[PDB]
Every structure is written in structure tokens, then in C-alpha cells.
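What follows is a short report on a single structure.
Numbering (the authors' numbering), first residue to last: 153 to 232.
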């Protein structure tokens with residue numbers, strides 16, 4: 153299970169980020185979605201869907217992914 157605040161690596165390409173949203177979003181496709189804020193500007197979006205905000209996020213840092221694309225783990229930003 154995926155919770156808001158979780159750290160993650162996301163497909164494709166092991167994109168590092170934080171889970172900002174988990175839930176259904178009708179204006180996308182049916183089923184559950186995970187809103188991710190990436191550390192780097194590798195997101196397809198900015199946390200909105202056709203303009204409507206779902207989670208706070210800046211342009212190029214936001215993605216909505218299916219849960220199968222999200223690996224929750226201990227992935228803190230590298231600092232040392």
C-alpha cells in the first residue's frame with residue numbers, strides 16, 4: 153500500500169520523489185492514481201488535471217502514476 157508522504161522510485165527510469173496524493177481521479181482514467189512530486193524536473197505535469205489542481209506542485213515536478221509504477225522505499229535525497 154502507498155501513503156501520502158511516502159518516498160518512492162517511479163517508472164520509467166527510477167525517478168525519485170514523494171507521494172503527494174493517492175486516490176481516484178475521474179478526469180484521467182478509471183481506477184486509483186498516485187500523485188508524485190519528483191525531486192528533479194522529470195514529471196509530465198504540475199499536479200493538475202486539465203487545469204484543475206489535485207495536489208500542490210510546481211511545473212515539471214508532478215506526475216500521476218498508476219500504483220504499479222511506484223516503488224515505495226527508504227529513498228531519502230542524497231546528501232553525503
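Note that CB positions come from ideal geometry on N, CA and C, so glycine has one too.
Listed in chain order, the non-local C-beta contacts of residue 172 below 6 Å within the same chain comprise 187, 189 and 207, local neighbours out to five positions each way being set aside. Residue 190: member of the beta strand (DSSP E) spanning 184 to 190, first to last residue. In this model, residue 216 and residue 157 are separated by some 15 Å (Cα to Cα). DSSP lists 186 as the bridge partner or partners of residue 217. When the five nearest sequence neighbours on each side are left out, the beta carbons in the same chain lying within less than 6 Å of the beta carbon of residue 194 are those of 167, in order along the chain.
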